[PDB]
$ cat run-v6.txt   # compact mmCIF, C-alpha atoms and all ligand atoms
# COMPACT_ATOMS: atom_id res chain seq x y z
CA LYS E 99 -1.14 -53.02 -58.00
CA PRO E 100 -2.65 -55.95 -56.04
CA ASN E 101 -5.60 -53.75 -55.02
CA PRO E 102 -6.44 -51.15 -57.71
CA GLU E 103 -8.11 -48.14 -56.09
CA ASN E 104 -9.42 -46.67 -59.39
CA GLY E 105 -11.25 -49.42 -61.25
CA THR E 106 -14.43 -47.70 -62.44
CA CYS E 107 -15.36 -44.12 -61.58
CA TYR E 108 -18.96 -45.09 -62.37
CA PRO E 109 -20.01 -48.42 -60.83
CA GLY E 110 -20.91 -51.32 -63.07
CA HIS E 111 -20.06 -54.79 -64.31
CA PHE E 112 -17.45 -55.64 -66.95
CA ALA E 113 -18.16 -58.47 -69.38
CA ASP E 114 -15.25 -60.89 -69.96
CA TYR E 115 -12.74 -59.12 -67.73
CA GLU E 116 -10.18 -61.94 -67.80
CA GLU E 117 -10.51 -62.41 -71.56
CA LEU E 118 -9.73 -58.73 -72.12
CA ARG E 119 -6.80 -58.93 -69.68
CA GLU E 120 -5.40 -61.86 -71.66
CA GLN E 121 -5.99 -59.97 -74.92
CA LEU E 122 -4.27 -56.80 -73.66
CA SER E 123 -1.47 -58.59 -71.80
CA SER E 124 0.84 -58.30 -74.82
CA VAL E 125 0.66 -55.94 -77.80
CA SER E 126 2.96 -55.08 -80.71
CA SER E 127 1.47 -51.85 -82.10
CA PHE E 128 -1.00 -49.96 -79.92
CA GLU E 129 -2.70 -46.83 -81.24
CA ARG E 130 -5.48 -44.59 -79.92
CA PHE E 131 -7.78 -42.92 -82.46
CA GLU E 132 -11.18 -41.23 -82.52
CA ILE E 133 -13.66 -43.76 -83.91
CA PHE E 134 -16.48 -41.17 -83.94
CA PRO E 135 -16.15 -37.36 -83.91
CA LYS E 136 -17.63 -35.83 -80.78
CA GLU E 137 -19.52 -32.98 -82.47
CA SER E 138 -20.19 -34.37 -85.95
CA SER E 139 -21.67 -37.75 -85.05
CA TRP E 140 -24.33 -36.54 -82.57
CA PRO E 141 -25.85 -33.21 -83.67
CA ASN E 142 -29.28 -33.82 -82.15
CA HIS E 143 -28.05 -35.62 -79.00
CA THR E 144 -26.56 -34.04 -75.89
CA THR E 145 -22.96 -35.11 -75.32
CA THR E 146 -21.92 -32.89 -72.39
CA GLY E 147 -23.30 -35.21 -69.69
CA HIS U 197 -29.42 -48.88 -66.08
CA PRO U 198 -31.27 -46.14 -64.17
CA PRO U 199 -32.12 -46.86 -60.52
CA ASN U 200 -35.74 -45.72 -60.89
CA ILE U 201 -38.05 -45.14 -63.85
CA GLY U 202 -38.34 -41.43 -63.00
CA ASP U 203 -34.66 -40.82 -63.74
CA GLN U 204 -35.11 -42.90 -66.91
CA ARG U 205 -37.90 -40.59 -68.08
CA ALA U 206 -35.93 -37.50 -67.04
CA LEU U 207 -32.76 -38.54 -68.88
CA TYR U 208 -33.87 -40.48 -71.97
CA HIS U 209 -37.61 -39.57 -72.28
CA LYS U 210 -38.53 -43.20 -73.08
CA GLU U 211 -40.20 -45.58 -70.64
CA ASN U 212 -38.76 -48.52 -72.59
CA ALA U 213 -35.63 -48.72 -74.72
CA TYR U 214 -33.37 -51.15 -76.56
CA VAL U 215 -29.64 -51.19 -77.32
CA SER U 216 -28.48 -53.29 -80.27
CA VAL U 217 -24.95 -53.78 -81.59
CA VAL U 218 -24.39 -55.92 -84.68
CA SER U 219 -21.35 -57.12 -86.63
CA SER U 220 -20.54 -59.89 -89.08
CA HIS U 221 -19.15 -62.00 -86.23
CA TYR U 222 -20.61 -60.76 -82.93
CA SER U 223 -24.23 -59.60 -82.66
CA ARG U 224 -26.25 -59.01 -79.50
CA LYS U 225 -29.23 -57.04 -78.21
CA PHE U 226 -29.31 -55.36 -74.80
CA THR U 227 -32.35 -54.30 -72.79
CA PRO U 228 -31.99 -51.93 -69.81
CA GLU U 229 -33.21 -53.16 -66.44
CA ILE U 230 -34.55 -50.66 -63.90
CA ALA U 231 -34.28 -51.80 -60.29
CA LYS U 232 -33.16 -50.46 -56.92
CA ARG U 233 -29.85 -51.73 -55.54
CA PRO U 234 -27.39 -50.64 -52.82
CA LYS U 235 -25.20 -47.61 -53.44
CA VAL U 236 -21.58 -47.93 -54.56
CA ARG U 237 -19.60 -44.68 -55.01
CA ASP U 238 -22.76 -42.69 -54.12
CA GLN U 239 -24.70 -44.03 -57.13
CA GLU U 240 -27.60 -46.47 -56.96
CA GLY U 241 -27.71 -47.16 -60.70
CA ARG U 242 -24.97 -48.87 -62.68
CA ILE U 243 -23.87 -49.00 -66.32
CA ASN U 244 -22.99 -52.32 -67.95
CA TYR U 245 -19.93 -52.53 -70.19
CA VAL B 148 -48.24 -78.93 -55.01
CA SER B 149 -47.11 -81.38 -57.69
CA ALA B 150 -48.65 -84.80 -58.26
CA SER B 151 -45.30 -85.97 -59.64
CA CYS B 152 -43.72 -85.64 -56.20
CA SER B 153 -44.53 -88.57 -53.91
CA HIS B 154 -43.62 -88.45 -50.21
CA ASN B 155 -45.33 -91.12 -48.07
CA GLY B 156 -47.82 -91.61 -50.90
CA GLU B 157 -48.74 -87.91 -50.89
CA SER B 158 -48.31 -85.14 -53.44
CA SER B 159 -45.67 -82.58 -52.46
CA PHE B 160 -43.06 -80.18 -53.83
CA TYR B 161 -39.36 -79.39 -53.47
CA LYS B 162 -38.41 -78.43 -49.92
CA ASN B 163 -35.89 -75.69 -50.74
CA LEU B 164 -38.19 -73.90 -53.23
CA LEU B 165 -41.77 -72.63 -53.40
CA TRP B 166 -44.30 -72.67 -56.23
CA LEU B 167 -46.23 -69.39 -56.38
CA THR B 168 -49.73 -69.26 -57.86
CA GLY B 169 -52.21 -66.42 -58.12
CA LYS B 170 -54.60 -65.69 -55.26
CA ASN B 171 -58.12 -64.27 -55.67
CA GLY B 172 -57.81 -64.31 -59.46
CA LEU B 173 -54.90 -61.84 -59.60
CA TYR B 174 -51.10 -62.07 -59.65
CA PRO B 175 -49.54 -58.82 -58.40
CA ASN B 176 -45.93 -57.90 -59.07
CA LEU B 177 -43.37 -59.06 -56.51
CA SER B 178 -40.10 -57.60 -55.26
CA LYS B 179 -37.71 -59.24 -52.79
CA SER B 180 -34.32 -58.20 -51.42
CA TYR B 181 -31.83 -60.05 -49.20
CA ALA B 182 -28.74 -58.58 -47.57
CA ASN B 183 -25.85 -60.96 -46.90
CA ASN B 184 -25.25 -60.74 -43.15
CA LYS B 185 -24.01 -64.36 -43.01
CA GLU B 186 -20.42 -63.18 -43.83
CA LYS B 187 -20.11 -66.26 -46.09
CA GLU B 188 -20.85 -66.89 -49.75
CA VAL B 189 -24.51 -67.79 -50.23
CA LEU B 190 -26.09 -69.96 -52.91
CA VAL B 191 -29.65 -69.27 -54.08
CA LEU B 192 -31.76 -71.62 -56.21
CA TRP B 193 -34.68 -70.46 -58.35
CA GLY B 194 -36.52 -71.63 -61.43
CA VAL B 195 -38.99 -70.56 -64.09
CA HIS B 196 -42.25 -72.24 -65.11
CA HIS B 197 -43.00 -73.24 -68.68
CA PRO B 198 -46.73 -74.05 -68.77
CA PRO B 199 -48.23 -76.92 -70.79
CA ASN B 200 -50.38 -74.57 -72.89
CA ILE B 201 -51.80 -71.04 -72.87
CA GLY B 202 -54.90 -72.29 -71.04
CA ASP B 203 -52.88 -73.57 -68.09
CA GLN B 204 -50.83 -70.35 -68.19
CA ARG B 205 -54.01 -68.28 -67.90
CA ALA B 206 -55.40 -70.60 -65.21
CA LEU B 207 -52.25 -70.50 -63.07
CA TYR B 208 -50.96 -66.93 -63.41
CA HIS B 209 -53.97 -65.02 -64.87
CA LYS B 210 -51.81 -63.57 -67.67
CA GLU B 211 -51.20 -64.75 -71.23
CA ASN B 212 -47.61 -63.44 -71.17
CA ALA B 213 -45.26 -63.01 -68.22
CA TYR B 214 -41.59 -62.51 -67.40
CA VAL B 215 -39.13 -62.97 -64.54
CA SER B 216 -35.94 -60.96 -64.05
CA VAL B 217 -33.04 -61.43 -61.63
CA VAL B 218 -30.41 -58.73 -61.07
CA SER B 219 -27.32 -58.64 -58.84
CA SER B 220 -24.14 -56.62 -58.47
CA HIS B 221 -22.28 -58.91 -60.90
CA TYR B 222 -24.89 -61.19 -62.52
CA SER B 223 -27.91 -60.02 -64.52
CA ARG B 224 -30.13 -61.91 -66.96
CA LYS B 225 -33.67 -61.55 -68.32
CA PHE B 226 -35.81 -64.69 -68.58
CA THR B 227 -38.78 -65.46 -70.84
CA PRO B 228 -41.06 -68.52 -70.50
CA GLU B 229 -41.82 -70.56 -73.61
CA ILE B 230 -45.29 -72.07 -74.06
CA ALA B 231 -45.13 -75.13 -76.32
CA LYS B 232 -45.98 -78.82 -76.31
CA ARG B 233 -43.19 -80.97 -74.87
CA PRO B 234 -42.60 -84.71 -74.38
CA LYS B 235 -44.15 -86.22 -71.27
CA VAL B 236 -41.65 -87.13 -68.54
CA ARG B 237 -42.71 -88.47 -65.11
CA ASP B 238 -46.38 -87.69 -65.89
CA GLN B 239 -45.63 -83.99 -66.40
CA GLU B 240 -46.05 -82.59 -69.90
CA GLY B 241 -44.46 -79.22 -69.15
CA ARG B 242 -40.96 -78.66 -67.84
CA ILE B 243 -39.37 -76.13 -65.48
CA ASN B 244 -35.78 -74.90 -65.78
CA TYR B 245 -33.63 -74.11 -62.75
CA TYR B 246 -30.89 -71.50 -62.35
CA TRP B 247 -28.31 -70.70 -59.68
CA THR B 248 -25.82 -67.98 -58.82
CA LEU B 249 -23.15 -67.30 -56.19
CA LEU B 250 -23.23 -64.10 -54.13
CA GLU B 251 -20.31 -62.62 -52.23
CA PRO B 252 -20.94 -61.09 -48.79
CA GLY B 253 -22.23 -57.54 -49.09
CA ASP B 254 -24.30 -58.30 -52.20
CA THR B 255 -28.08 -58.03 -52.59
CA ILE B 256 -30.19 -60.13 -54.97
CA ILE B 257 -33.45 -58.77 -56.39
CA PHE B 258 -36.33 -60.90 -57.71
CA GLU B 259 -38.98 -59.27 -59.90
CA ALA B 260 -41.76 -61.23 -61.60
CA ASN B 261 -45.40 -61.16 -62.62
CA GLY B 262 -45.65 -64.95 -62.91
CA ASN B 263 -43.94 -68.23 -63.78
CA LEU B 264 -41.45 -67.89 -60.91
CA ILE B 265 -40.41 -70.65 -58.50
CA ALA B 266 -39.49 -68.74 -55.36
CA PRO B 267 -36.44 -69.72 -53.26
CA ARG B 268 -37.78 -71.00 -49.95
CA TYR B 269 -34.31 -71.84 -48.59
CA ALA B 270 -30.79 -70.62 -49.34
CA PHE B 271 -27.45 -72.20 -48.49
CA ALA B 272 -24.45 -70.44 -46.94
CA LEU B 273 -21.23 -72.27 -47.79
CA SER B 274 -17.45 -72.03 -47.52
CA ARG B 275 -15.13 -72.64 -50.46
CA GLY B 276 -13.27 -75.93 -50.75
CA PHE B 277 -10.88 -75.88 -53.67
CA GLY B 278 -10.80 -79.51 -54.80
CA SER B 279 -12.05 -83.03 -53.97
CA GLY B 280 -14.42 -83.61 -56.86
CA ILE B 281 -17.33 -86.03 -56.94
CA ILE B 282 -16.74 -89.79 -57.36
CA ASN B 283 -19.30 -92.50 -58.29
CA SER B 284 -19.31 -95.78 -56.29
CA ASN B 285 -21.65 -98.35 -54.65
CA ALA B 286 -19.02 -99.54 -52.10
CA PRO B 287 -19.79 -99.56 -48.31
CA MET B 288 -18.62 -96.65 -46.07
CA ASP B 289 -15.92 -97.39 -43.42
CA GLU B 290 -14.65 -95.26 -40.48
CA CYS B 291 -10.91 -95.29 -41.35
CA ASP B 292 -8.69 -92.42 -42.56
CA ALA B 293 -6.79 -92.83 -45.86
CA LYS B 294 -4.79 -89.97 -47.45
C1 LIG E 301 -9.56 -43.15 -57.11
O1 LIG E 301 -9.25 -43.73 -55.83
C2 LIG E 301 -9.28 -42.82 -54.72
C3 LIG E 301 -8.80 -43.58 -53.51
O2 LIG E 301 -7.56 -43.06 -53.04
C4 LIG E 301 -10.70 -42.27 -54.58
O3 LIG E 301 -10.80 -41.38 -53.48
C5 LIG E 301 -11.84 -41.87 -52.59
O4 LIG E 301 -13.16 -41.54 -53.07
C6 LIG E 301 -14.21 -42.08 -52.25
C7 LIG E 301 -15.51 -41.71 -52.92
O5 LIG E 301 -15.76 -40.32 -52.85
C8 LIG E 301 -14.10 -41.55 -50.82
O6 LIG E 301 -15.06 -42.24 -50.01
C9 LIG E 301 -15.90 -41.32 -49.28
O7 LIG E 301 -15.13 -40.37 -48.54
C10 LIG E 301 -15.92 -39.43 -47.79
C11 LIG E 301 -14.98 -38.38 -47.21
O8 LIG E 301 -14.45 -37.63 -48.29
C12 LIG E 301 -16.68 -40.22 -46.70
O9 LIG E 301 -17.46 -39.33 -45.93
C13 LIG E 301 -17.57 -41.28 -47.37
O10 LIG E 301 -18.24 -42.05 -46.37
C14 LIG E 301 -16.79 -42.18 -48.33
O11 LIG E 301 -15.99 -43.04 -47.54
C15 LIG E 301 -12.71 -41.78 -50.25
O12 LIG E 301 -12.57 -41.13 -49.00
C16 LIG E 301 -11.63 -41.27 -51.21
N1 LIG E 301 -10.31 -41.57 -50.70
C17 LIG E 301 -9.27 -40.73 -50.81
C18 LIG E 301 -7.97 -41.20 -50.23
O13 LIG E 301 -9.38 -39.64 -51.36
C19 LIG E 301 -11.10 -41.57 -55.87
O14 LIG E 301 -12.44 -41.11 -55.79
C20 LIG E 301 -10.97 -42.53 -57.06
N2 LIG E 301 -11.27 -41.83 -58.30
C21 LIG E 301 -12.13 -42.29 -59.22
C22 LIG E 301 -12.80 -43.59 -58.92
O15 LIG E 301 -12.34 -41.67 -60.26
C1 LIG E 302 -46.70 -54.85 -62.80
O1 LIG E 302 -45.78 -55.25 -63.83
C2 LIG E 302 -46.27 -55.02 -65.16
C3 LIG E 302 -45.23 -55.58 -66.11
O2 LIG E 302 -44.09 -54.74 -66.19
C4 LIG E 302 -46.54 -53.53 -65.38
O3 LIG E 302 -47.12 -53.34 -66.66
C5 LIG E 302 -46.40 -52.33 -67.39
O4 LIG E 302 -46.57 -51.02 -66.80
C6 LIG E 302 -45.86 -49.98 -67.48
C7 LIG E 302 -46.07 -48.71 -66.68
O5 LIG E 302 -47.43 -48.55 -66.32
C8 LIG E 302 -46.36 -49.86 -68.92
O6 LIG E 302 -45.60 -48.87 -69.60
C9 LIG E 302 -46.23 -51.20 -69.63
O7 LIG E 302 -46.81 -51.12 -70.93
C10 LIG E 302 -46.93 -52.30 -68.83
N1 LIG E 302 -46.74 -53.59 -69.47
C11 LIG E 302 -47.71 -54.51 -69.55
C12 LIG E 302 -47.35 -55.79 -70.25
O8 LIG E 302 -48.83 -54.33 -69.08
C13 LIG E 302 -47.49 -53.01 -64.30
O9 LIG E 302 -47.62 -51.60 -64.41
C14 LIG E 302 -46.96 -53.35 -62.91
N2 LIG E 302 -47.89 -52.91 -61.89
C15 LIG E 302 -47.51 -52.30 -60.76
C16 LIG E 302 -48.60 -51.91 -59.81
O10 LIG E 302 -46.32 -52.08 -60.51

$ encode --input "run-v6.txt" --output "structure tokens"
Amino acid sequence: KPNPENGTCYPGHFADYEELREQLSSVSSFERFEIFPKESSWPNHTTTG
Amino acid sequence: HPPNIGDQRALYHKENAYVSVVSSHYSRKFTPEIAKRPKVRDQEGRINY
Amino acid sequence: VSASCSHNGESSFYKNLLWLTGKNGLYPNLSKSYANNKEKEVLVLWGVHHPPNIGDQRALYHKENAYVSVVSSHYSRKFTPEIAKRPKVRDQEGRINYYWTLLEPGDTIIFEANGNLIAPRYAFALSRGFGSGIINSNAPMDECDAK
């Protein structure tokens, strides 16, 4: 959309927005995976925030 | 980036902190900055991506 | 005031900026905020001070180490002065580095420092012209219109 109404649900600044748009403008194989387990990686740190 | 140092102490229990990400190609060190700024989406503080 | 600047044979400083030095032997922390009510994009100019040596640093700002930080809605950077011997240019051994940023309307800039900060005395509100870059010539001006 010309005016995206949901950009960031928490306000902030994105570094290299246009570079990431150019990188993600065309893909061949796109896969989503868990880089770090939610419970295993942070035993001593609160993750429910 | 917390809006005030009181929320910083309440959330992370450290008056000062450092964030460092390192790779073979890209390496950088980030330091949080605590300052007041106008509210966007009912949040004074922001998080930098 | 800088002895390098010479206006009518008198020492002076830049008009758009201000050099801040400690008063009564102390340099308290500073905090400034500006809201953009000009409805136009504003340009702010500020600089940092790199002292000639640690003695001049202690004489000017009453602190051996100091920092200046500028934060905005879209631009944020942390600055650190460097104290070292440098080549002498225009009868000034130290050097001072200037920085600029562009603020959209509805944005607030924050200045926080304990020393080595050149405060912005004046700011400039400007409109955006897309092209017409700078040219370099010594030719005389004429009142005629050429496309
Ligand atoms: C995704 O976008 C929608 C826009 O359609 C967001 O909904 C909007 O959320 C904001 C923030 O809460 C609302 O602004 C506030 O509304 C209250 C009244 O509820 C008003 O009193 C405040 O002064 C302020 O204007 C806005 O009304 C609301 N719009 C709609 C149509 O619901 C939604 O929050 C976004 N989701 C995200 C960013 O996760
Ligand atoms: C003025 O600024 C200095 C620099 O940040 C402050 O000094 C720091 O204060 C915090 C909180 O008291 C300490 O945790 C740091 O260790 C201090 N750093 C240094 C280098 O001293 C100082 O507190 C500020 N003063 C006021 C009145 O705001």

$ closest_atom_pairs --input "run-v6.txt" --of "chain U" --to "ligand LIG 301 (chain E)" --cutoff "9 Å" --atoms "all atoms listed in the file" --output "Markdown table"
| residue | atom | partner | partner_atom | distance |
| --- | --- | --- | --- | --- |
| U:236 | CA | E:LIG301 | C7 | 8.8 |
| U:237 | CA | E:LIG301 | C7 | 5.5 |
| U:238 | CA | E:LIG301 | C7 | 7.4 |

$ atom_distance --input "run-v6.txt" --atom1 "atom CA of residue 233 of chain U" --atom2 "atom CA of residue 252 of chain B"
14.6 Å

$ atom_distance --input "run-v6.txt" --atom1 "atom CA of residue 274 of chain B" --atom2 "atom CA of residue 254 of chain B"
16.0 Å

$ closest_residue --input "run-v6.txt" --among "U:231, U:245, U:203, U:239" --to "chain B" --atoms "all atoms listed in the file"
U:231

$ interface_residues --input "run-v6.txt" --of "chain U" --to "chain B" --cutoff "9 Å" --atoms "only C-alpha atoms" --output "PyMOL selection string"
chain U and resi 227+229+231-234+242

$ residues_near_ligand --input "run-v6.txt" --ligand "ligand LIG 302 (chain E)" --cutoff "12 Å" --atoms "all atoms listed in the file" --output "list in words"
residues 201, 202, 205, 210, 211, 212, 213, 229, 230 and 231 of chain U; 173, 174, 175, 176, 177, 178, 210, 211, 212, 213, 214, 215, 216, 259, 260, 261 and 262 of chain B

$ interface_residues --input "run-v6.txt" --of "chain E" --to "chain U" --cutoff "12 Å" --atoms "all atoms listed in the file" --output "list in words"
residues 104, 105, 106, 107, 108, 109, 110, 111, 112, 113, 114, 115, 143, 144 and 147 of chain E

$ atom_distance --input "run-v6.txt" --atom1 "atom CA of residue 267 of chain B" --atom2 "atom CA of residue 226 of chain B"
16.1 Å

$ closest_residue --input "run-v6.txt" --among "B:243, B:266, B:281, B:231" --to "residue 195 of chain B" --atoms "all atoms listed in the file"
B:243

$ closest_residue --input "run-v6.txt" --among "B:250, B:230, B:148, B:165" --to "residue 201 of chain B" --atoms "only C-alpha atoms"
B:230

$ axis_aligned_box --input "run-v6.txt" --around "segment 119-135 of chain E" --padding-each-side "6 Å" --output "AutoDock Vina command-line options"
--center_x -6.8 --center_y -49.6 --center_z -76.8 --size_x 31.4 --size_y 36.5 --size_z 26.3

$ residues_around --input "run-v6.txt" --residues "residue 189 of chain B" --least-positions-apart "4" --cutoff "7 Å" --atoms "all atoms listed in the file" --output "JSON, numbers by chain"
{"B": [249, 250, 251, 270, 271, 272, 273]}

$ residues_around --input "run-v6.txt" --residues "residue 163 of chain B" --least-positions-apart "3" --cutoff "12 Å" --atoms "only C-alpha atoms" --output "list in words"
residues 160, 166, 190, 191, 192, 193, 194, 265, 266, 267, 268, 269, 270 and 271 of chain B

$ decode --input "run-v6.txt" --residues "segment 223-238 of chain B" --atoms "N, CA, C and O atoms" --output "mmCIF file, in the first residue's frame"
data_model
loop_
_atom_site.group_PDB
_atom_site.id
_atom_site.type_symbol
_atom_site.label_atom_id
_atom_site.label_comp_id
_atom_site.auth_asym_id
_atom_site.auth_seq_id
_atom_site.Cartn_x
_atom_site.Cartn_y
_atom_site.Cartn_z
ATOM 1 N N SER B 223 20.659 9.059 15.282
ATOM 2 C CA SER B 223 21.260 8.968 16.606
ATOM 3 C C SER B 223 22.714 8.547 16.465
ATOM 4 O O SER B 223 23.022 7.625 15.704
ATOM 5 N N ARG B 224 23.596 9.219 17.200
ATOM 6 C CA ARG B 224 25.025 8.950 17.126
ATOM 7 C C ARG B 224 25.682 9.462 18.399
ATOM 8 O O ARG B 224 25.300 10.515 18.915
ATOM 9 N N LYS B 225 26.669 8.720 18.896
ATOM 10 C CA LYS B 225 27.399 9.090 20.102
ATOM 11 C C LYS B 225 28.810 9.519 19.728
ATOM 12 O O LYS B 225 29.500 8.822 18.977
ATOM 13 N N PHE B 226 29.231 10.663 20.259
ATOM 14 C CA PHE B 226 30.453 11.344 19.848
ATOM 15 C C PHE B 226 31.457 11.306 20.991
ATOM 16 O O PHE B 226 31.074 11.373 22.164
ATOM 17 N N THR B 227 32.741 11.197 20.654
ATOM 18 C CA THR B 227 33.806 11.171 21.654
ATOM 19 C C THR B 227 34.953 12.057 21.190
ATOM 20 O O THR B 227 35.520 11.813 20.105
ATOM 21 N N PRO B 228 35.322 13.089 21.948
ATOM 22 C CA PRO B 228 36.484 13.902 21.577
ATOM 23 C C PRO B 228 37.785 13.125 21.698
ATOM 24 O O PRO B 228 37.939 12.245 22.548
ATOM 25 N N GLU B 229 38.731 13.471 20.830
ATOM 26 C CA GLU B 229 40.069 12.897 20.837
ATOM 27 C C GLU B 229 41.076 13.985 21.177
ATOM 28 O O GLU B 229 41.083 15.049 20.549
ATOM 29 N N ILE B 230 41.921 13.718 22.166
ATOM 30 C CA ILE B 230 42.920 14.672 22.634
ATOM 31 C C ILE B 230 44.273 14.178 22.138
ATOM 32 O O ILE B 230 44.822 13.201 22.661
ATOM 33 N N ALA B 231 44.815 14.850 21.125
ATOM 34 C CA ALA B 231 46.111 14.489 20.567
ATOM 35 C C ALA B 231 46.696 15.708 19.869
ATOM 36 O O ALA B 231 45.984 16.655 19.528
ATOM 37 N N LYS B 232 48.009 15.669 19.659
ATOM 38 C CA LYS B 232 48.693 16.747 18.961
ATOM 39 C C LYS B 232 48.423 16.659 17.464
ATOM 40 O O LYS B 232 48.511 15.583 16.864
ATOM 41 N N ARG B 233 48.096 17.795 16.865
ATOM 42 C CA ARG B 233 47.685 17.893 15.473
ATOM 43 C C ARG B 233 48.474 18.989 14.780
ATOM 44 O O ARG B 233 49.022 19.882 15.435
ATOM 45 N N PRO B 234 48.591 18.929 13.448
ATOM 46 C CA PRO B 234 49.289 19.996 12.715
ATOM 47 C C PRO B 234 48.603 21.345 12.869
ATOM 48 O O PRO B 234 47.380 21.439 12.996
ATOM 49 N N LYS B 235 49.415 22.400 12.859
ATOM 50 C CA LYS B 235 48.914 23.747 13.088
ATOM 51 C C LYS B 235 48.401 24.351 11.787
ATOM 52 O O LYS B 235 49.154 24.498 10.820
ATOM 53 N N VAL B 236 47.115 24.694 11.766
ATOM 54 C CA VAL B 236 46.480 25.339 10.623
ATOM 55 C C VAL B 236 45.814 26.619 11.108
ATOM 56 O O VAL B 236 45.031 26.587 12.063
ATOM 57 N N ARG B 237 46.136 27.739 10.447
ATOM 58 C CA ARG B 237 45.555 29.058 10.725
ATOM 59 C C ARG B 237 45.768 29.480 12.178
ATOM 60 O O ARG B 237 44.885 30.076 12.801
ATOM 61 N N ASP B 238 46.957 29.164 12.704
ATOM 62 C CA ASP B 238 47.372 29.473 14.078
ATOM 63 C C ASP B 238 46.375 28.880 15.083
ATOM 64 O O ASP B 238 45.931 29.524 16.034
#
